[PDB]
Amino acid sequence: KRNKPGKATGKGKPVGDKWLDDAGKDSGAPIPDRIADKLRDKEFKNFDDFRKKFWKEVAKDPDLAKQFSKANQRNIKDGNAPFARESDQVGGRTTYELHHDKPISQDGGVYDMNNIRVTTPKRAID
Amino acid sequence: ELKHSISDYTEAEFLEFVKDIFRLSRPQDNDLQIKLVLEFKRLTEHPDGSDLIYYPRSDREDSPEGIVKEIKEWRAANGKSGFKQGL
């Protein structure tokens, strides 16, 4: 589960200036490969801890951070998931979310960055 | 002596309110953040709602100052009640 500590693994995908845009389309967007490089063999307390550090790494990477408004840059600098556009929101769910692609089979599969997608709330459903 | 509509705010007061939103960016503040965003949407009644903050139009300043100016100009031009004037 999300609540058990473990180690992040995998490579992610190359990504460009339209990364965040893709998060709002079918299957969302991949973990960027350059962020995976920073998270790859680190130990996490839980998935929540992973998410927080993910967003913080997005903030430190100028070509991702530039994709967000100033208020959202503040969010991600603090490890808080950024606010989605009103059209991408689903009632209570206002922020970009992280979701797993494949059923979790093995120990530490919660932190396989090959199988995590960043999505709008609207695209989480699938 | 509580504020319920946007006419109860001076401009500087509503500006500070918007700055508060920008500053509530810590995960520990999510609940207050969403509540102030809701109240912002209710007070402004602007049709972009939260997008004024988080997905601003590109040809004005991406700041709480630019948000207040767009809200003032919008409410003006749709004959809606404005900010409490001066103080």
# chains A, B, ... in the order shown; residues from 1 in each chain; ligands from 1
>>> interface_residues(of="chain A", to="chain B", cutoff="6 Å", atoms="only C-alpha atoms", output="JSON, numbers by chain")
{"A": [69, 71, 74, 75, 78, 80, 85]}
>>> residues_around(residues="residue 10 (chain A)", least_positions_apart="2", cutoff="12 Å", atoms="only C-alpha atoms", output="tab-separated table (two decimals) with N, CA and C atoms, in the first residue's frame")
chain	number	residue	atom	x	y	z
A	7	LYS	N	11.44	2.23	-1.55
A	7	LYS	CA	12.49	2.88	-2.34
A	7	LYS	C	11.95	3.10	-3.75
A	8	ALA	N	12.22	4.25	-4.36
A	8	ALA	CA	11.67	4.55	-5.71
A	8	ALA	C	12.56	3.92	-6.74
A	12	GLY	N	11.21	6.79	-15.79
A	12	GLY	CA	10.33	7.83	-16.33
A	12	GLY	C	10.51	7.98	-17.83
A	13	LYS	N	10.11	9.13	-18.37
A	13	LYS	CA	10.13	9.39	-19.83
A	13	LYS	C	10.63	10.79	-20.10
A	30	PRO	N	3.79	11.19	-18.08
A	30	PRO	CA	4.79	10.38	-17.35
A	30	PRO	C	5.53	11.18	-16.26
A	31	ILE	N	6.18	10.49	-15.33
A	31	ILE	CA	7.17	11.11	-14.46
A	31	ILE	C	8.33	11.54	-15.35
A	32	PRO	N	8.72	12.81	-15.31
A	32	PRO	CA	9.82	13.17	-16.21
A	32	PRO	C	11.12	12.44	-15.89
A	33	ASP	N	11.82	11.97	-16.91
A	33	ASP	CA	13.05	11.21	-16.67
A	33	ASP	C	14.09	11.93	-15.80
A	34	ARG	N	14.24	13.23	-15.99
A	34	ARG	CA	15.17	13.98	-15.14
A	34	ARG	C	14.75	14.11	-13.63
A	35	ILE	N	13.46	14.02	-13.35
A	35	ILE	CA	12.97	13.93	-11.99
A	35	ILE	C	13.17	12.52	-11.45
A	36	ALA	N	12.89	11.51	-12.26
A	36	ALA	CA	13.18	10.15	-11.84
A	36	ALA	C	14.64	10.02	-11.41
A	37	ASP	N	15.55	10.56	-12.21
A	37	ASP	CA	17.01	10.51	-11.85
A	37	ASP	C	17.27	11.00	-10.43
A	38	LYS	N	16.53	12.01	-9.97
A	38	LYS	CA	16.69	12.56	-8.62
A	38	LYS	C	16.06	11.75	-7.52
A	39	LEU	N	14.99	11.03	-7.84
A	39	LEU	CA	14.26	10.25	-6.85
A	39	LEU	C	14.66	8.77	-6.78
A	40	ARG	N	15.44	8.30	-7.75
A	40	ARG	CA	15.52	6.85	-8.08
A	40	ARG	C	15.97	5.93	-6.99
A	41	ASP	N	16.95	6.23	-6.19
A	41	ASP	CA	17.20	5.18	-5.19
A	41	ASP	C	17.00	5.70	-3.79
A	42	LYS	N	16.05	6.61	-3.61
A	42	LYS	CA	15.87	7.25	-2.33
A	42	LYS	C	14.81	6.46	-1.63
A	108	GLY	N	7.44	-2.62	-3.10
A	108	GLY	CA	7.98	-1.37	-3.63
A	108	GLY	C	7.38	-0.93	-4.97
A	109	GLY	N	6.34	-1.62	-5.45
A	109	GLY	CA	5.70	-1.28	-6.71
A	109	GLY	C	4.92	0.03	-6.67
A	110	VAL	N	4.49	0.42	-5.48
A	110	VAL	CA	3.95	1.75	-5.23
A	110	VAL	C	4.88	2.88	-5.70
A	111	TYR	N	6.20	2.68	-5.62
A	111	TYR	CA	7.19	3.65	-6.04
A	111	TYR	C	7.94	3.36	-7.35
A	112	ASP	N	7.32	2.64	-8.25
A	112	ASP	CA	7.87	2.45	-9.57
A	112	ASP	C	7.41	3.58	-10.51
A	113	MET	N	8.35	4.45	-10.86
A	113	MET	CA	8.13	5.68	-11.60
A	113	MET	C	7.95	5.44	-13.08
A	114	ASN	N	8.24	4.21	-13.53
A	114	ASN	CA	7.75	3.72	-14.83
A	114	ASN	C	6.21	3.64	-14.90
A	115	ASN	N	5.51	3.40	-13.77
A	115	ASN	CA	4.08	3.12	-13.73
A	115	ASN	C	3.23	4.21	-13.05
A	116	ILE	N	3.83	5.34	-12.68
A	116	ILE	CA	3.09	6.50	-12.13
A	116	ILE	C	2.80	7.55	-13.21
>>> atom_distance(atom1="CA of residue 85 (chain B)", atom2="CA of residue 5 (chain B)")
14.0 Å
>>> residues_around(residues="residue 45 (chain A)", least_positions_apart="6", cutoff="10 Å", atoms="only C-alpha atoms", output="VMD selection string")
chain A and resid 2 to 7
>>> write_last_selection(atoms="N, CA and C atoms", output="compact mmCIF listing (two decimals), in the first residue's frame")
# COMPACT_ATOMS: atom_id res chain seq x y z
N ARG A 2 0.16 2.34 -0.34
CA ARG A 2 0.62 3.71 -0.22
C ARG A 2 1.27 4.02 1.12
N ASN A 3 0.76 3.46 2.23
CA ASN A 3 1.26 3.80 3.59
C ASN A 3 2.57 3.12 4.07
N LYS A 4 3.10 2.18 3.31
CA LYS A 4 4.31 1.47 3.71
C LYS A 4 5.58 2.07 3.07
N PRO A 5 6.61 2.37 3.88
CA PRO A 5 7.84 2.92 3.32
C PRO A 5 8.46 2.05 2.24
N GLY A 6 9.22 2.66 1.35
CA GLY A 6 10.01 1.89 0.36
C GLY A 6 10.86 2.81 -0.51
N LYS A 7 11.44 2.23 -1.55
CA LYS A 7 12.49 2.88 -2.34
C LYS A 7 11.95 3.10 -3.75
>>> select_by_dssp(residues="chain A", states="strand (DSSP E or B)", output="list in words")
residues 6, 7, 9, 13, 29, 30, 32, 43, 44, 83, 90, 93, 95, 97, 98, 99, 100, 112, 116, 117, 118 and 119 of chain A
>>> write_last_selection(atoms="N, CA, C and O atoms", output="compact mmCIF listing (two decimals), in the first residue's frame")
# COMPACT_ATOMS: atom_id res chain seq x y z
N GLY A 6 9.22 2.66 1.35
CA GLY A 6 10.01 1.89 0.36
C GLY A 6 10.86 2.81 -0.51
O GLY A 6 10.92 4.04 -0.29
N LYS A 7 11.44 2.23 -1.55
CA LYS A 7 12.49 2.88 -2.34
C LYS A 7 11.95 3.10 -3.75
O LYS A 7 11.27 2.25 -4.26
N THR A 9 11.99 3.51 -7.86
CA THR A 9 12.73 2.82 -8.91
C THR A 9 12.24 3.32 -10.28
O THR A 9 11.17 3.96 -10.40
N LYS A 13 10.11 9.13 -18.37
CA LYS A 13 10.13 9.39 -19.83
C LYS A 13 10.63 10.79 -20.10
O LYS A 13 10.46 11.69 -19.25
N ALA A 29 0.33 12.20 -17.88
CA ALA A 29 1.69 12.42 -18.32
C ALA A 29 2.62 11.53 -17.51
O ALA A 29 2.32 11.20 -16.38
N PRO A 30 3.79 11.19 -18.08
CA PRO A 30 4.79 10.38 -17.35
C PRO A 30 5.53 11.18 -16.26
O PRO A 30 5.49 12.41 -16.29
N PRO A 32 8.72 12.81 -15.31
CA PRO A 32 9.82 13.17 -16.21
C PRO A 32 11.12 12.44 -15.89
O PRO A 32 11.50 12.34 -14.74
N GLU A 43 14.80 6.57 -0.30
CA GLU A 43 13.86 5.85 0.53
C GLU A 43 12.73 6.80 0.88
O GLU A 43 13.01 7.91 1.33
N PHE A 44 11.47 6.35 0.74
CA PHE A 44 10.28 7.15 1.12
C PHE A 44 9.46 6.58 2.28
O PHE A 44 9.25 5.37 2.37
N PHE A 83 -3.02 23.29 -8.14
CA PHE A 83 -4.42 23.48 -8.47
C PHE A 83 -4.65 23.23 -9.96
O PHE A 83 -3.88 23.70 -10.79
N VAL A 90 -12.95 17.82 -10.69
CA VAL A 90 -14.10 16.98 -10.49
C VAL A 90 -14.55 17.15 -9.05
O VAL A 90 -13.96 16.58 -8.13
N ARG A 93 -12.13 17.46 -6.05
CA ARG A 93 -10.75 17.20 -6.39
C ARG A 93 -10.26 18.30 -7.26
O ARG A 93 -10.63 18.37 -8.43
N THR A 95 -6.74 19.38 -7.44
CA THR A 95 -5.34 19.37 -7.75
C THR A 95 -4.97 18.25 -8.71
O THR A 95 -5.66 17.26 -8.83
N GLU A 97 -3.01 15.00 -9.64
CA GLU A 97 -2.88 13.79 -8.82
C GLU A 97 -1.88 12.87 -9.44
O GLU A 97 -1.71 12.87 -10.65
N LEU A 98 -1.30 12.02 -8.62
CA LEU A 98 -0.48 10.94 -9.09
C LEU A 98 -1.23 9.58 -8.96
O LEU A 98 -1.77 9.29 -7.91
N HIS A 99 -1.18 8.77 -10.04
CA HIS A 99 -1.88 7.50 -10.14
C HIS A 99 -1.02 6.42 -10.80
O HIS A 99 -0.12 6.71 -11.57
N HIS A 100 -1.29 5.18 -10.43
CA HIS A 100 -0.55 4.04 -10.91
C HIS A 100 -1.26 3.47 -12.13
O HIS A 100 -2.47 3.31 -12.12
N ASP A 112 7.32 2.64 -8.25
CA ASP A 112 7.87 2.45 -9.57
C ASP A 112 7.41 3.58 -10.51
O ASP A 112 6.26 3.60 -10.95
N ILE A 116 3.83 5.34 -12.68
CA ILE A 116 3.09 6.50 -12.13
C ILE A 116 2.80 7.55 -13.21
O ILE A 116 3.70 7.90 -13.99
N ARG A 117 1.55 7.99 -13.30
CA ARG A 117 1.15 9.09 -14.16
C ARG A 117 0.61 10.26 -13.32
O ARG A 117 -0.05 10.06 -12.28
N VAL A 118 0.95 11.46 -13.79
CA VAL A 118 0.49 12.73 -13.28
C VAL A 118 -0.76 13.03 -14.11
O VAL A 118 -0.67 13.03 -15.34
N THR A 119 -1.90 13.28 -13.44
CA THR A 119 -3.17 13.54 -14.11
C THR A 119 -3.92 14.69 -13.52
O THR A 119 -3.83 14.94 -12.32
>>> atom_distance(atom1="CA of residue 86 (chain A)", atom2="CA of residue 46 (chain A)")
29.1 Å
>>> residues_around(residues="region 74-83 of chain B", least_positions_apart="5", cutoff="8 Å", atoms="only C-alpha atoms", output="VMD selection string")
chain B and resid 6 to 11 46
>>> atom_distance(atom1="CA of residue 1 (chain A)", atom2="CA of residue 102 (chain A)")
13.8 Å
>>> select_by_dssp(residues="region 7-84 of chain B", states="alpha helix (DSSP H)", output="NGL selection string")
:B and (11-23 or 30-44 or 51-54 or 64-77)
>>> write_last_selection(atoms="N, CA and C atoms", output="short mmCIF file (atom, residue, chain, number, x, y, z; two decimals), in the first residue's frame")
data_model
loop_
_atom_site.label_atom_id
_atom_site.label_comp_id
_atom_site.auth_asym_id
_atom_site.auth_seq_id
_atom_site.Cartn_x
_atom_site.Cartn_y
_atom_site.Cartn_z
N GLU B 11 -10.37 47.71 -1.77
CA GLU B 11 -9.46 47.08 -2.72
C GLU B 11 -8.20 46.48 -2.02
N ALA B 12 -7.56 47.26 -1.14
CA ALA B 12 -6.37 46.79 -0.44
C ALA B 12 -6.69 45.57 0.44
N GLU B 13 -7.89 45.52 0.96
CA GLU B 13 -8.32 44.39 1.79
C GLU B 13 -8.50 43.14 0.91
N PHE B 14 -9.11 43.32 -0.24
CA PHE B 14 -9.31 42.17 -1.09
C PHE B 14 -7.98 41.73 -1.71
N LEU B 15 -7.12 42.69 -2.05
CA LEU B 15 -5.75 42.38 -2.44
C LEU B 15 -4.99 41.52 -1.40
N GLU B 16 -5.04 41.91 -0.16
CA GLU B 16 -4.41 41.12 0.90
C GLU B 16 -5.02 39.69 1.00
N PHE B 17 -6.33 39.59 0.78
CA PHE B 17 -7.04 38.34 0.79
C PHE B 17 -6.50 37.42 -0.29
N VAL B 18 -6.31 37.97 -1.49
CA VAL B 18 -5.72 37.23 -2.59
C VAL B 18 -4.25 36.82 -2.34
N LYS B 19 -3.48 37.71 -1.73
CA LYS B 19 -2.11 37.40 -1.31
C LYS B 19 -2.07 36.25 -0.32
N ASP B 20 -3.07 36.20 0.59
CA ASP B 20 -3.20 35.11 1.51
C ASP B 20 -3.37 33.81 0.81
N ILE B 21 -4.22 33.78 -0.23
CA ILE B 21 -4.36 32.58 -1.06
C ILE B 21 -3.02 32.08 -1.63
N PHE B 22 -2.25 33.00 -2.21
CA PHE B 22 -0.93 32.67 -2.80
C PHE B 22 0.02 32.06 -1.76
N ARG B 23 -0.02 32.60 -0.53
CA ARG B 23 0.79 32.16 0.60
C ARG B 23 0.37 30.86 1.27
N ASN B 30 -3.90 22.95 3.10
CA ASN B 30 -4.90 22.61 2.04
C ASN B 30 -6.35 23.01 2.33
N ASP B 31 -6.80 22.78 3.56
CA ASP B 31 -8.21 23.01 3.94
C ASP B 31 -8.49 24.49 3.90
N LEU B 32 -7.65 25.29 4.53
CA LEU B 32 -7.87 26.74 4.49
C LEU B 32 -7.75 27.24 3.06
N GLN B 33 -6.79 26.71 2.30
CA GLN B 33 -6.57 27.12 0.88
C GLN B 33 -7.84 26.94 0.03
N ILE B 34 -8.40 25.73 0.04
CA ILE B 34 -9.61 25.44 -0.70
C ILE B 34 -10.75 26.33 -0.22
N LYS B 35 -10.88 26.57 1.10
CA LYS B 35 -11.96 27.40 1.62
C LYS B 35 -11.82 28.84 1.17
N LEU B 36 -10.60 29.37 1.16
CA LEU B 36 -10.43 30.73 0.69
C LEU B 36 -10.63 30.85 -0.81
N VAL B 37 -10.31 29.80 -1.58
CA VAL B 37 -10.56 29.77 -3.04
C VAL B 37 -12.07 29.74 -3.30
N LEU B 38 -12.81 28.92 -2.56
CA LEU B 38 -14.30 28.94 -2.62
C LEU B 38 -14.85 30.32 -2.31
N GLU B 39 -14.47 30.89 -1.19
CA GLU B 39 -14.94 32.20 -0.87
C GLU B 39 -14.55 33.17 -2.01
N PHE B 40 -13.36 33.05 -2.56
CA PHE B 40 -12.97 33.96 -3.64
C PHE B 40 -13.89 33.87 -4.84
N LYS B 41 -14.33 32.65 -5.13
CA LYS B 41 -15.19 32.39 -6.27
C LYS B 41 -16.57 32.97 -6.00
N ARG B 42 -17.06 32.80 -4.78
CA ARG B 42 -18.34 33.34 -4.34
C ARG B 42 -18.34 34.88 -4.38
N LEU B 43 -17.29 35.51 -3.85
CA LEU B 43 -17.24 37.00 -3.76
C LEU B 43 -17.10 37.68 -5.11
N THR B 44 -16.24 37.14 -5.94
CA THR B 44 -15.98 37.71 -7.24
C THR B 44 -17.13 37.42 -8.18
N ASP B 51 -9.48 29.89 -11.93
CA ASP B 51 -8.51 30.15 -13.00
C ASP B 51 -7.90 31.55 -12.99
N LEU B 52 -8.60 32.54 -12.46
CA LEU B 52 -8.03 33.87 -12.29
C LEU B 52 -6.76 33.83 -11.47
N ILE B 53 -6.71 32.92 -10.49
CA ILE B 53 -5.53 32.75 -9.66
C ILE B 53 -4.53 31.89 -10.36
N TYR B 54 -4.95 30.68 -10.74
CA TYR B 54 -4.01 29.62 -11.10
C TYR B 54 -3.72 29.44 -12.60
N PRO B 64 -1.14 38.80 -7.41
CA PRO B 64 -2.42 39.16 -6.78
C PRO B 64 -2.95 40.57 -7.24
N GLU B 65 -2.02 41.49 -7.48
CA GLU B 65 -2.27 42.84 -8.02
C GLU B 65 -2.95 42.78 -9.39
N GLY B 66 -2.45 41.93 -10.29
CA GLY B 66 -3.07 41.72 -11.61
C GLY B 66 -4.44 41.06 -11.48
N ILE B 67 -4.61 40.17 -10.51
CA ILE B 67 -5.93 39.56 -10.29
C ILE B 67 -6.97 40.59 -9.84
N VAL B 68 -6.57 41.48 -8.94
CA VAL B 68 -7.51 42.46 -8.43
C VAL B 68 -7.92 43.43 -9.56
N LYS B 69 -6.98 43.84 -10.39
CA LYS B 69 -7.22 44.75 -11.48
C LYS B 69 -8.20 44.11 -12.47
N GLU B 70 -7.96 42.86 -12.88
CA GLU B 70 -8.91 42.16 -13.76
C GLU B 70 -10.31 42.03 -13.14
N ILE B 71 -10.38 41.73 -11.85
CA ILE B 71 -11.67 41.67 -11.14
C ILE B 71 -12.37 43.05 -11.07
N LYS B 72 -11.62 44.09 -10.75
CA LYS B 72 -12.18 45.45 -10.73
C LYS B 72 -12.73 45.80 -12.14
N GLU B 73 -11.90 45.63 -13.18
CA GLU B 73 -12.29 45.97 -14.54
C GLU B 73 -13.46 45.15 -15.01
N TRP B 74 -13.51 43.87 -14.67
CA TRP B 74 -14.62 43.02 -15.06
C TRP B 74 -15.93 43.40 -14.38
N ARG B 75 -15.89 43.59 -13.06
CA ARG B 75 -17.10 43.94 -12.30
C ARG B 75 -17.63 45.30 -12.74
N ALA B 76 -16.74 46.27 -12.91
CA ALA B 76 -17.10 47.56 -13.54
C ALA B 76 -17.92 47.37 -14.83
N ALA B 77 -17.31 46.74 -15.84
CA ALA B 77 -17.92 46.61 -17.19
C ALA B 77 -19.18 45.72 -17.32
#
>>> decode(residues="region 27-75 of chain B", atoms="C-alpha atoms", output="PDB file, in the first residue's frame")
ATOM      1  CA  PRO B  27       0.328  20.876   2.228  1.00  0.00           C
ATOM      2  CA  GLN B  28      -0.621  21.515   5.890  1.00  0.00           C
ATOM      3  CA  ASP B  29      -2.852  24.424   4.762  1.00  0.00           C
ATOM      4  CA  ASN B  30      -4.896  22.608   2.037  1.00  0.00           C
ATOM      5  CA  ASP B  31      -8.205  23.008   3.936  1.00  0.00           C
ATOM      6  CA  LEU B  32      -7.874  26.738   4.488  1.00  0.00           C
ATOM      7  CA  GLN B  33      -6.570  27.125   0.879  1.00  0.00           C
ATOM      8  CA  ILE B  34      -9.609  25.442  -0.705  1.00  0.00           C
ATOM      9  CA  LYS B  35     -11.963  27.397   1.618  1.00  0.00           C
ATOM     10  CA  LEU B  36     -10.431  30.730   0.686  1.00  0.00           C
ATOM     11  CA  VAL B  37     -10.563  29.770  -3.036  1.00  0.00           C
ATOM     12  CA  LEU B  38     -14.296  28.937  -2.618  1.00  0.00           C
ATOM     13  CA  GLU B  39     -14.938  32.196  -0.872  1.00  0.00           C
ATOM     14  CA  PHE B  40     -12.966  33.958  -3.645  1.00  0.00           C
ATOM     15  CA  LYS B  41     -15.189  32.393  -6.266  1.00  0.00           C
ATOM     16  CA  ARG B  42     -18.343  33.339  -4.342  1.00  0.00           C
ATOM     17  CA  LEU B  43     -17.240  37.005  -3.757  1.00  0.00           C
ATOM     18  CA  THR B  44     -15.976  37.715  -7.244  1.00  0.00           C
ATOM     19  CA  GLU B  45     -18.644  35.742  -9.047  1.00  0.00           C
ATOM     20  CA  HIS B  46     -16.155  35.906 -11.989  1.00  0.00           C
ATOM     21  CA  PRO B  47     -16.844  33.183 -14.547  1.00  0.00           C
ATOM     22  CA  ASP B  48     -13.250  31.914 -14.713  1.00  0.00           C
ATOM     23  CA  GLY B  49     -13.457  31.210 -10.877  1.00  0.00           C
ATOM     24  CA  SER B  50     -10.174  29.692  -9.616  1.00  0.00           C
ATOM     25  CA  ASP B  51      -8.515  30.155 -12.996  1.00  0.00           C
ATOM     26  CA  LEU B  52      -8.033  33.865 -12.286  1.00  0.00           C
ATOM     27  CA  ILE B  53      -5.534  32.754  -9.656  1.00  0.00           C
ATOM     28  CA  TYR B  54      -4.006  29.624 -11.096  1.00  0.00           C
ATOM     29  CA  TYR B  55      -4.488  29.908 -14.910  1.00  0.00           C
ATOM     30  CA  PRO B  56      -4.412  33.688 -15.486  1.00  0.00           C
ATOM     31  CA  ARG B  57      -4.707  35.252 -18.963  1.00  0.00           C
ATOM     32  CA  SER B  58      -1.268  35.955 -20.331  1.00  0.00           C
ATOM     33  CA  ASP B  59      -1.518  39.713 -21.149  1.00  0.00           C
ATOM     34  CA  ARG B  60      -1.844  40.996 -17.541  1.00  0.00           C
ATOM     35  CA  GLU B  61       0.424  40.554 -14.532  1.00  0.00           C
ATOM     36  CA  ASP B  62       0.483  37.088 -12.910  1.00  0.00           C
ATOM     37  CA  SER B  63       0.249  38.433  -9.381  1.00  0.00           C
ATOM     38  CA  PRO B  64      -2.416  39.163  -6.785  1.00  0.00           C
ATOM     39  CA  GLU B  65      -2.266  42.841  -8.020  1.00  0.00           C
ATOM     40  CA  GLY B  66      -3.071  41.718 -11.609  1.00  0.00           C
ATOM     41  CA  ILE B  67      -5.928  39.556 -10.287  1.00  0.00           C
ATOM     42  CA  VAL B  68      -7.510  42.458  -8.434  1.00  0.00           C
ATOM     43  CA  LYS B  69      -7.223  44.748 -11.483  1.00  0.00           C
ATOM     44  CA  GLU B  70      -8.915  42.162 -13.759  1.00  0.00           C
ATOM     45  CA  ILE B  71     -11.668  41.675 -11.140  1.00  0.00           C
ATOM     46  CA  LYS B  72     -12.182  45.448 -10.730  1.00  0.00           C
ATOM     47  CA  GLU B  73     -12.295  45.973 -14.540  1.00  0.00           C
ATOM     48  CA  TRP B  74     -14.617  43.015 -15.057  1.00  0.00           C
ATOM     49  CA  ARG B  75     -17.098  43.938 -12.295  1.00  0.00           C
TER      50      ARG B  75
END
